[PDB]
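Protein sequences appear in the order of chains P and S. Sequential numbering from 148 applies to the first sequence in the UniProt record's numbering. Sequential numbering from 148 applies to the second sequence in the UniProt record's numbering. All C-beta atoms in this analysis are idealised placements derived from N, C-alpha and C, irrespective of residue type, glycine included. Here the structure is laid out as structure tokens; the discussion comes afterwards.
Number of protein chains: 2
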Amino acid sequence: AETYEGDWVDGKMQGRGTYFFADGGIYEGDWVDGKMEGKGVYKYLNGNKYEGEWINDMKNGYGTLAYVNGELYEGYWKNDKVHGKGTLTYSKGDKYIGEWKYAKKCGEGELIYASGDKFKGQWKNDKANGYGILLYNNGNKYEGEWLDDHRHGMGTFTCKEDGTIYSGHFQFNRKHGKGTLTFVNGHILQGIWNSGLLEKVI
Amino acid sequence: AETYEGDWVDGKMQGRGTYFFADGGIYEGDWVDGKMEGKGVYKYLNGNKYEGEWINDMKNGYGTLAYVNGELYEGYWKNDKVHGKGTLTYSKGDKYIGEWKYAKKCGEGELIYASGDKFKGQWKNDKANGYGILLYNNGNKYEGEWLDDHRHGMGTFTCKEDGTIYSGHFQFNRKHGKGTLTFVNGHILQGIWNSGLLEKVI
Ligand SMILES: [Zn+2]
């Protein structure tokens, strides 16, 4: 109970030791000047488990977090929070491999869904925002702009089942605005969509 | 241990009682002439649990089977095996609602996948065989003939993303043979496919 069993260089916790915390946490790893630095394992009382780098009593560098619910993070940390390039395996099978800033997907990364769908592009605030490509499980592909996990802006949808390529505007994950359908017989249709429904042909 | 605690009409297990079996099973329900008939609950030693009808020491009629792995069957039984109209909830979320013959899907039924896809049609030997409709999660729809869970024969595929309707031959779940693509601009393409790939246009 808030004890320490390790080396005591110059009367300060330095080297390698074990520390049990008042809230129930336990740390076993390297120490400098009473700080948690180097490498070590922290066992949370809630069942979470961390193994990786430490700087100034905080996760800094590469480390892994084994969560209770089954998730696992493998990546870099800054000031005790997910930060930088890291991989996160979700409970059901989904996996994100990309950049993080302050414990949220921000930057370029890819999500491998357990359904077979694969996204890779730019993330802003834990959601798809900006340019990205979604490779659907059926072979369909969307490449274009995203806003808050919705196909939003202009993108190109190519259908694997019949080869038809849509090129035009999207709003809230649906075809909306000016666009063109190009079929495999060379013919190109121009039209106006409203919430994914073609309503006007030119 | 192979005891009996129930009514004993005319020196035979009749009425309602409890029977513990030598392999570990336990039955609690109605009895006629030493037989398990009427209704009752059988607790298997492996953790399986049955509640429903019984005729002549066997599941006959409607009853439910709570499996260990998480599955659950709700339907009719004949001679201790799944038989007739019944519903089966799979571990991950999938559910079959249809006909069974000898513990296997045989007849007309529908499977509600946890992915959102819904099939409904004829089943032969636990697989799709014959006419059936597959309503995909993306809005796509296939209606045609199936062989061993594969689109096989002639069917009609309609694509929700661009409206293109394919009508032609399928072999081993892929477009193969004579077929026609009908686009939303009225134009109809005739061609020959090879394993889902259009290779010849007429
Ligand atoms: Zn299509």
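Which chain P residues are close to residue i, counting only those with a beta carbon under 9 Å from its beta carbon?
i	result
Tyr260 of chain S	The premise fails here: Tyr260 of chain S is roughly 11 Å from chain P at the closest Cβ pair, so nothing lies under 9 Å.
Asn287 of chain S	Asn285 and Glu308
In chain S, which residues lie less than 7 Å from residue i when you measure between Cβ atoms?
i	result
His334 of chain P	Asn332 and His334
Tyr278 of chain P	Those do not exist, as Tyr278 of chain P stays about 20 Å from chain S at its closest Cβ, beyond 7 Å.
By the criterion of Cβ-Cβ separation under 7 Å, what are the contact partners of residue i in chain P?
i	result
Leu235 of chain S	Correct list: empty, because the minimum Cβ distance to chain P is about 22 Å.
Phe266 of chain S	Within chain P, no residue comes near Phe266 of chain S; the closest Cβ sits about 15 Å away, beyond 7 Å.
Just confirm the distance between the C-beta atoms of residue i and residue j, as a whole number of angstroms; I'd bet it's less than 8 Å.
i	j	result
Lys274 of chain P	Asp296 of chain P	5 Å
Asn272 of chain S	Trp293 of chain S	Incorrect: roughly 12 Å between the Cβ atoms, too far for contact.
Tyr237 of chain S	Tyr223 of chain S	Contact flag wrong, Cβ pair sits at about 19 Å.
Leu212 of chain S	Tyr197 of chain S	5 Å
residue 398 of chain S	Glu221 of chain S	Chain S is shown from 148 up to 349; residue 398 of chain S falls before or after that span and cannot be answered.
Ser262 of chain P	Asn226 of chain P	Going by Cβ atoms, the distance from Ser262 of chain P to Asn226 of chain P rounds to 35 Å, so no, they are not a contact pair.
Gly181 of chain S	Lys159 of chain S	5 Å
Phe317 of chain S	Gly338 of chain S	Going by Cβ atoms, the distance from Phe317 of chain S to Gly338 of chain S rounds to 14 Å, so no, they are not a contact pair.
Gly164 of chain S	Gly153 of chain S	1 Å
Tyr243 of chain P	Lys232 of chain P	Going by Cβ atoms, the distance from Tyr243 of chain P to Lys232 of chain P rounds to 11 Å, so no, they are not a contact pair.
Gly268 of chain P	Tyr260 of chain P	Their Cβ separation, rounded to whole angstroms, is 14 Å, which puts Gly268 of chain P and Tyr260 of chain P out of contact at 8 Å.
Output, in chain order, the set of chain S residues within a Cβ distance shorter than 9 Å of residue i.
i	result
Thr150 of chain P	Correct list: empty, because the minimum Cβ distance to chain S is about 44 Å.
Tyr313 of chain P	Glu308 and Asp309
Which residues of chain S have a Cβ atom closer than 8 Å to the Cβ of residue i, listed in chain order?
i	result
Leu345 of chain P	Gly310 and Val331
**Request:** Would you list the residues whose beta-carbon is nearer than 6 Å to any heavy atom of ligand 1, in the order they occur in the chain?
**Result:** P:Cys306, P:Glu308, P:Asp309, P:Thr311, S:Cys306, S:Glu308, S:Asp309 and S:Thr311
**Prompt:** Can you list, in chain order, the residues of the region 316–330 of chain P whose Cβ is nearer than 8 Å to any Cβ on chain S?
**Reply:** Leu328 and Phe330
**Asked** With a cut-off of 8 Å, do at least 3 Cβ pairs link the region 284–293 of chain S to the region 307–320 of chain S?
**Response** Using a Cβ-Cβ distance cut-off of 8 Å, the region 284–293 of chain S and the region 307–320 of chain S are in contact, since at least three pairs of beta carbons, one from each stretch, lie closer than that value.
**Asked** Going along the region 157–177 of chain S in order, which residues come within less than 9 Å of chain P, judged by CB to CB distance?
**Response** none
**Prompt:** Within the chosen definition, does the region 326–337 of chain S reach the region 327–341 of chain P through at least 3 CB pairs nearer than 8 Å?
**Reply:** yes
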